[PDB]
>>> print(open('run03.json').read())   # JSON, C-alpha atoms
[["chain", "number", "residue", "atom", "x", "y", "z"],
["O", 1, "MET", "CA", 0.73, -43.94, 18.19],
["O", 2, "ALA", "CA", 3.31, -41.78, 20.02],
["O", 3, "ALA", "CA", 3.41, -42.41, 23.79],
["O", 4, "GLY", "CA", 6.15, -44.88, 24.78],
["O", 5, "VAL", "CA", 4.56, -47.70, 26.83],
["O", 6, "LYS", "CA", 6.24, -51.04, 27.65],
["O", 7, "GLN", "CA", 4.66, -51.87, 31.04],
["O", 8, "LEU", "CA", 0.93, -51.18, 30.59],
["O", 9, "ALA", "CA", -0.38, -54.57, 29.37],
["O", 10, "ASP", "CA", 0.52, -58.26, 28.84],
["O", 11, "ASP", "CA", 0.00, -58.66, 32.60],
["O", 12, "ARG", "CA", -3.57, -59.97, 32.98],
["O", 13, "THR", "CA", -2.96, -62.78, 30.47],
["O", 14, "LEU", "CA", 0.62, -63.19, 31.58],
["O", 15, "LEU", "CA", -0.28, -63.47, 35.27],
["O", 16, "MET", "CA", -2.90, -66.19, 34.80],
["O", 17, "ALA", "CA", -1.18, -68.47, 32.33],
["O", 18, "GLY", "CA", 1.98, -67.28, 34.09],
["O", 19, "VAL", "CA", 1.26, -68.28, 37.73],
["O", 20, "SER", "CA", -2.13, -70.08, 37.58],
["O", 21, "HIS", "CA", -0.96, -72.67, 34.96],
["O", 22, "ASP", "CA", 1.48, -73.96, 37.64],
["O", 23, "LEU", "CA", -0.61, -73.43, 40.81],
["O", 24, "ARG", "CA", -3.47, -75.36, 39.15],
["O", 25, "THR", "CA", -1.55, -78.68, 38.93],
["O", 26, "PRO", "CA", -1.14, -79.08, 42.74],
["O", 27, "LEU", "CA", -4.89, -78.88, 43.56],
["O", 28, "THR", "CA", -5.50, -81.85, 41.23],
["O", 29, "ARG", "CA", -2.87, -84.18, 42.71],
["O", 30, "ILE", "CA", -3.96, -83.11, 46.14],
["O", 31, "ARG", "CA", -7.52, -83.31, 44.90],
["O", 32, "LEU", "CA", -7.09, -87.02, 45.13],
["O", 33, "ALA", "CA", -4.68, -86.88, 48.08],
["O", 34, "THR", "CA", -7.22, -85.21, 50.36],
["O", 35, "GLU", "CA", -10.02, -87.01, 48.50],
["O", 36, "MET", "CA", -8.66, -90.14, 50.18],
["O", 37, "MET", "CA", -9.00, -88.78, 53.69],
["O", 38, "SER", "CA", -11.98, -86.86, 52.39],
["O", 39, "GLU", "CA", -13.90, -89.88, 53.56],
["O", 40, "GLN", "CA", -12.41, -90.37, 57.01],
["O", 41, "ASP", "CA", -12.81, -86.58, 57.22],
["O", 42, "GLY", "CA", -14.09, -84.94, 53.93],
["O", 43, "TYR", "CA", -13.35, -81.64, 55.79],
["O", 44, "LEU", "CA", -9.73, -81.44, 54.46],
["O", 45, "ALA", "CA", -10.75, -82.10, 50.80],
["O", 46, "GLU", "CA", -12.94, -78.98, 50.79],
["O", 47, "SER", "CA", -10.33, -77.06, 52.78],
["O", 48, "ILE", "CA", -8.19, -77.47, 49.64],
["O", 49, "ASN", "CA", -10.58, -76.64, 46.81],
["O", 50, "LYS", "CA", -11.55, -73.71, 49.07],
["O", 51, "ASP", "CA", -8.04, -72.30, 49.31],
["O", 52, "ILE", "CA", -8.19, -72.54, 45.54],
["O", 53, "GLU", "CA", -11.27, -70.29, 45.37],
["O", 54, "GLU", "CA", -9.40, -67.75, 47.47],
["O", 55, "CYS", "CA", -6.48, -68.25, 45.07],
["O", 56, "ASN", "CA", -8.54, -66.75, 42.27],
["O", 57, "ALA", "CA", -9.70, -63.83, 44.42],
["O", 58, "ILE", "CA", -6.12, -62.94, 45.47],
["O", 59, "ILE", "CA", -5.11, -62.97, 41.79],
["O", 60, "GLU", "CA", -7.75, -60.43, 40.75],
["O", 61, "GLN", "CA", -7.09, -58.21, 43.78],
["O", 62, "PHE", "CA", -3.30, -58.24, 43.31],
["O", 63, "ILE", "CA", -3.75, -57.75, 39.55],
["O", 64, "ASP", "CA", -5.99, -54.69, 40.09],
["O", 65, "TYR", "CA", -2.79, -52.62, 40.47],
["O", 66, "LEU", "CA", -0.87, -54.18, 37.59],
["O", 67, "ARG", "CA", -2.55, -52.49, 34.61],
["Q", 1, "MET", "CA", 17.20, -36.67, 42.45],
["Q", 2, "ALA", "CA", 15.73, -35.90, 39.00],
["Q", 3, "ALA", "CA", 14.56, -39.02, 37.12],
["Q", 4, "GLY", "CA", 10.82, -39.66, 37.55],
["Q", 5, "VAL", "CA", 10.35, -43.24, 38.82],
["Q", 6, "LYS", "CA", 7.11, -44.65, 40.29],
["Q", 7, "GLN", "CA", 7.33, -48.33, 39.26],
["Q", 8, "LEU", "CA", 10.91, -49.37, 40.10],
["Q", 9, "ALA", "CA", 10.58, -50.59, 43.72],
["Q", 10, "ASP", "CA", 8.10, -51.47, 46.50],
["Q", 11, "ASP", "CA", 7.58, -54.77, 44.63],
["Q", 12, "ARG", "CA", 9.86, -57.28, 46.38],
["Q", 13, "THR", "CA", 8.46, -56.38, 49.82],
["Q", 14, "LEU", "CA", 5.00, -55.79, 48.42],
["Q", 15, "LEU", "CA", 4.88, -59.14, 46.61],
["Q", 16, "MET", "CA", 5.83, -61.22, 49.65],
["Q", 17, "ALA", "CA", 3.75, -59.60, 52.35],
["Q", 18, "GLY", "CA", 1.31, -58.96, 49.49],
["Q", 19, "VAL", "CA", 0.69, -62.53, 48.20],
["Q", 20, "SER", "CA", 2.69, -64.79, 50.59],
["Q", 21, "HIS", "CA", 0.94, -63.45, 53.76],
["Q", 22, "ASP", "CA", -2.30, -64.98, 52.38],
["Q", 23, "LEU", "CA", -0.92, -68.10, 50.63],
["Q", 24, "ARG", "CA", 0.87, -69.03, 53.89],
["Q", 25, "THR", "CA", -2.35, -69.51, 55.92],
["Q", 26, "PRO", "CA", -3.67, -72.42, 53.75],
["Q", 27, "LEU", "CA", -0.57, -74.65, 54.18],
["Q", 28, "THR", "CA", -1.06, -74.51, 57.97],
["Q", 29, "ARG", "CA", -4.74, -75.52, 58.02],
["Q", 30, "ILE", "CA", -3.99, -78.14, 55.43],
["Q", 31, "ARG", "CA", -0.83, -78.91, 57.36],
["Q", 32, "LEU", "CA", -3.08, -80.60, 59.83],
["Q", 33, "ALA", "CA", -5.64, -81.68, 57.22],
["Q", 34, "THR", "CA", -3.14, -83.81, 55.31],
["Q", 35, "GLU", "CA", -1.29, -84.49, 58.59],
["Q", 36, "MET", "CA", -4.33, -86.59, 59.47],
["Q", 37, "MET", "CA", -4.09, -88.80, 56.41],
["Q", 38, "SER", "CA", -0.36, -88.28, 56.64],
["Q", 39, "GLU", "CA", -0.47, -91.44, 58.69],
["Q", 40, "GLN", "CA", -2.67, -93.62, 56.51],
["Q", 41, "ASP", "CA", -0.50, -92.21, 53.71],
["Q", 42, "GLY", "CA", 2.06, -89.53, 54.89],
["Q", 43, "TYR", "CA", 2.71, -89.09, 51.11],
["Q", 44, "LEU", "CA", 0.02, -86.34, 50.74],
["Q", 45, "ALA", "CA", 1.29, -84.32, 53.77],
["Q", 46, "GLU", "CA", 4.70, -83.87, 52.10],
["Q", 47, "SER", "CA", 3.04, -83.31, 48.73],
["Q", 48, "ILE", "CA", 1.67, -80.14, 50.34],
["Q", 49, "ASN", "CA", 4.68, -78.68, 52.16],
["Q", 50, "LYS", "CA", 6.50, -79.50, 48.89],
["Q", 51, "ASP", "CA", 4.19, -77.44, 46.70],
["Q", 52, "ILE", "CA", 4.95, -74.74, 49.23],
["Q", 53, "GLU", "CA", 8.70, -74.98, 48.56],
["Q", 54, "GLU", "CA", 7.97, -74.56, 44.87],
["Q", 55, "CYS", "CA", 5.74, -71.63, 45.88],
["Q", 56, "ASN", "CA", 8.80, -69.75, 47.08],
["Q", 57, "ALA", "CA", 10.79, -70.57, 43.95],
["Q", 58, "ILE", "CA", 7.99, -69.33, 41.63],
["Q", 59, "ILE", "CA", 7.88, -66.07, 43.62],
["Q", 60, "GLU", "CA", 11.57, -65.31, 43.15],
["Q", 61, "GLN", "CA", 11.51, -66.31, 39.46],
["Q", 62, "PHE", "CA", 8.39, -64.24, 38.69],
["Q", 63, "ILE", "CA", 9.78, -61.35, 40.76],
["Q", 64, "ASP", "CA", 13.08, -61.37, 38.82],
["Q", 65, "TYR", "CA", 11.33, -59.25, 36.15],
["Q", 66, "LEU", "CA", 9.52, -56.90, 38.52],
["Q", 67, "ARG", "CA", 12.38, -54.62, 39.59]]
>>> encode(input="run03.json", output="structure tokens")
Amino acid sequence: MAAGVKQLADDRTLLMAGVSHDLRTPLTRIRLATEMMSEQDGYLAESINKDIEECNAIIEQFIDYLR
Amino acid sequence: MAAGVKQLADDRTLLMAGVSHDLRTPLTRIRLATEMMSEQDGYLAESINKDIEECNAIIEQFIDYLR
């Protein structure tokens, strides 16, 4: 295949296992951190897992221009 | 200037204001969320602002191959 392409792939799988793999370990430790005060004020606990949901949206929106 | 370049810039300033701008709003809300249990266990509070410090390191290391 003649074309010359070295920056048109390996980004969707490299951006998840690349950044996610590391940003996924902090929500777990803090899962229990906020889970503790999640009783005196469950609010925080969800405020975390929620920022995580937005973390997945930002990854697909910022990856939309990395193909 | 003859060369043809459309993917060799606008990435360092587009990756900070691009991703940071959004990932910086969750540490503030949680700044107070964990700040609450930061007394019954300040540990968590720092566990957050710390993941943030690593958030800046990961951005410069993942940006090192985006020039």
>>> closest_atom_pairs(input="run03.json", of="chain O", to="chain Q", cutoff="9 Å", atoms="all atoms listed in the file", output="tab-separated table")
residue	atom	partner	partner_atom	distance
O:18	CA	Q:62	CA	8.5
O:19	CA	Q:58	CA	7.8
O:22	CA	Q:58	CA	8.9
O:23	CA	Q:55	CA	8.3
O:26	CA	Q:51	CA	6.8
O:29	CA	Q:47	CA	8.5
O:30	CA	Q:44	CA	6.9
O:33	CA	Q:44	CA	5.4
O:34	CA	Q:34	CA	6.6
O:36	CA	Q:37	CA	7.8
O:37	CA	Q:37	CA	5.6
O:40	CA	Q:37	CA	8.5
O:41	CA	Q:33	CA	8.7
O:43	CA	Q:33	CA	7.8
O:44	CA	Q:33	CA	4.9
O:45	CA	Q:33	CA	8.2
O:47	CA	Q:30	CA	7.0
O:48	CA	Q:30	CA	7.2
O:51	CA	Q:26	CA	6.2
O:55	CA	Q:23	CA	7.9
O:58	CA	Q:19	CA	7.3
O:59	CA	Q:19	CA	8.7
O:62	CA	Q:19	CA	7.6
>>> atom_distance(input="run03.json", atom1="atom CA of residue O:24", atom2="atom CA of residue O:53")
11.2 Å
>>> atom_distance(input="run03.json", atom1="atom CA of residue O:8", atom2="atom CA of residue O:67")
5.5 Å
>>> atom_distance(input="run03.json", atom1="atom CA of residue O:57", atom2="atom CA of residue O:5")
27.8 Å
>>> build_atoms(input="run03.json", residues="stretch 14-36 of chain O", atoms="N, CA, C and O atoms", output="compact mmCIF listing (two decimals), keeping the file's coordinate frame")
# COMPACT_ATOMS: atom_id res chain seq x y z
N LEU O 14 -0.70 -62.66 31.23
CA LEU O 14 0.62 -63.19 31.58
C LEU O 14 0.65 -63.61 33.06
O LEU O 14 1.49 -64.38 33.48
N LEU O 15 -0.26 -63.11 33.83
CA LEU O 15 -0.28 -63.47 35.27
C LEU O 15 -1.13 -64.72 35.48
O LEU O 15 -0.96 -65.44 36.44
N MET O 16 -2.06 -64.98 34.62
CA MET O 16 -2.90 -66.19 34.80
C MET O 16 -2.13 -67.36 34.23
O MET O 16 -1.72 -68.26 34.94
N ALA O 17 -1.92 -67.36 32.95
CA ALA O 17 -1.18 -68.47 32.33
C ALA O 17 0.23 -68.48 32.91
O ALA O 17 0.95 -69.46 32.84
N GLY O 18 0.63 -67.38 33.49
CA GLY O 18 1.98 -67.28 34.09
C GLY O 18 2.03 -68.01 35.44
O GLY O 18 2.77 -68.96 35.61
N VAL O 19 1.24 -67.59 36.40
CA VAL O 19 1.26 -68.28 37.73
C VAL O 19 0.19 -69.38 37.80
O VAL O 19 0.48 -70.52 38.11
N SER O 20 -1.04 -69.06 37.52
CA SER O 20 -2.13 -70.08 37.58
C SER O 20 -1.70 -71.42 36.94
O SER O 20 -1.65 -72.44 37.59
N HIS O 21 -1.39 -71.41 35.67
CA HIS O 21 -0.96 -72.67 34.96
C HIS O 21 -0.16 -73.61 35.88
O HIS O 21 -0.30 -74.81 35.82
N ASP O 22 0.68 -73.08 36.73
CA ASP O 22 1.48 -73.96 37.64
C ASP O 22 0.74 -74.22 38.96
O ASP O 22 0.75 -75.33 39.48
N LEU O 23 0.12 -73.23 39.52
CA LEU O 23 -0.61 -73.43 40.81
C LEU O 23 -1.89 -74.25 40.61
O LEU O 23 -2.57 -74.59 41.56
N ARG O 24 -2.23 -74.56 39.39
CA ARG O 24 -3.47 -75.36 39.15
C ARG O 24 -3.16 -76.87 39.15
O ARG O 24 -4.04 -77.69 39.32
N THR O 25 -1.93 -77.23 38.95
CA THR O 25 -1.55 -78.68 38.93
C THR O 25 -1.50 -79.32 40.35
O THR O 25 -1.71 -80.51 40.48
N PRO O 26 -1.21 -78.53 41.37
CA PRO O 26 -1.14 -79.08 42.74
C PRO O 26 -2.54 -79.37 43.33
O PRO O 26 -2.70 -80.29 44.10
N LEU O 27 -3.54 -78.60 42.98
CA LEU O 27 -4.89 -78.88 43.56
C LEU O 27 -5.45 -80.19 42.99
O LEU O 27 -6.27 -80.83 43.61
N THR O 28 -5.00 -80.58 41.83
CA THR O 28 -5.50 -81.85 41.23
C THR O 28 -4.85 -83.05 41.91
O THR O 28 -5.52 -83.98 42.34
N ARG O 29 -3.55 -83.03 42.04
CA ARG O 29 -2.87 -84.18 42.71
C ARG O 29 -3.36 -84.25 44.13
O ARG O 29 -3.64 -85.31 44.66
N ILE O 30 -3.48 -83.12 44.76
CA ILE O 30 -3.96 -83.11 46.14
C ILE O 30 -5.47 -83.29 46.11
O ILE O 30 -6.08 -83.56 47.10
N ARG O 31 -6.07 -83.14 44.97
CA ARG O 31 -7.52 -83.31 44.90
C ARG O 31 -7.79 -84.73 45.28
O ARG O 31 -8.71 -85.05 45.99
N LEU O 32 -6.94 -85.60 44.82
CA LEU O 32 -7.09 -87.02 45.13
C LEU O 32 -6.41 -87.33 46.46
O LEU O 32 -6.82 -88.22 47.19
N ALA O 33 -5.37 -86.61 46.79
CA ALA O 33 -4.68 -86.88 48.08
C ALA O 33 -5.68 -86.67 49.21
O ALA O 33 -5.95 -87.55 49.99
N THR O 34 -6.23 -85.49 49.29
CA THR O 34 -7.22 -85.21 50.36
C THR O 34 -8.49 -85.99 50.08
O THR O 34 -9.22 -86.35 50.97
N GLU O 35 -8.78 -86.25 48.82
CA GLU O 35 -10.02 -87.01 48.50
C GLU O 35 -9.98 -88.34 49.24
O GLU O 35 -10.99 -88.90 49.61
N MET O 36 -8.80 -88.85 49.45
CA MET O 36 -8.66 -90.14 50.18
C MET O 36 -9.13 -89.95 51.60
O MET O 36 -9.99 -90.65 52.08
